[PDB]
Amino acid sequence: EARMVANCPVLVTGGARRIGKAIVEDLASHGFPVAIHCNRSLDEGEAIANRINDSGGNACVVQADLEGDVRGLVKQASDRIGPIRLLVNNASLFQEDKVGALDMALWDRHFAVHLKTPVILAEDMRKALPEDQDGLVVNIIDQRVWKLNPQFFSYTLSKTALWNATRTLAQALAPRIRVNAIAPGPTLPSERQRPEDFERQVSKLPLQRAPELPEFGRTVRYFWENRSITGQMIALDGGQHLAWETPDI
């Protein structure tokens, strides 16, 4: 076989900032060729790619709107670094809505970025990946799919759908492509979160600590390195999904 990292081109969606960037830089530093997909963060993406290449790694930037036609995205990437073998579906939209005031326009976007696009890209990767190569899809989801609540209604349904799809994609794409997932908990402040709000939330986690950014790339590599694993998720969440103390107790 030939599963050495130099022969495992990676596509990370929304890879130019924050968690996506941490994954990109971890994989690139371990010798994976990496395609950094981005949209609004082109400047950042190019900077990351330049640094990797100057350090002797292998990186490129691809640009696409994951709510438009994404049927060309895998090919943009493979044209640069070779057939995509490891797909990280990291890109996301995290907007609040609730029952009683649902806007089907925002609903549609959530399902576009978290469900439609990841499935389409997994489909496209499979079609283009040579038959003598095994592949891996890692979906970046959200710990809340393991502890359902009514907040962020359409967001939550779209992320939970991605977790459901992690199972059914794993079943559909086996044996050649494995599909696993990471469910982050509080990792970086969520735009609507001030630092104090983030720190307080973390202090309330069962483990009282946030996942460290290196854990994300380590987990992608863990899935890559242990070939008996498919259809499964690790919550890098400080135990958030196991929180249990509700007012009724």
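Start at 1 with the first residue shown and count on from there.
Mean CA temperature factor is higher for 206-214 when stretches 206-214 and 176-184 are set side by side in the entry. Judged by mean Cα B factor in the deposited record, 102-110 ranks above the other of 79-87 and 102-110.
As recorded in the entry, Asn39 carries the highest CA temperature factor of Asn58, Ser29, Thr219, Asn39. Ranked against the other modelled residues of its chain, the C-alpha B-factor of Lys147 as given in the entry falls in the lowest third. Annotation for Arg227: CA B-factor lies in the lowest third of the chain's modelled residues. Split the chain's modelled residues into thirds by C-alpha temperature factor. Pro130 is in the highest one. In the PDB entry, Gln95 places in the highest third of its chain by CA B-factor. In the deposited entry, the Cα temperature factor of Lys21 places it in the middle third of its chain's modelled residues.
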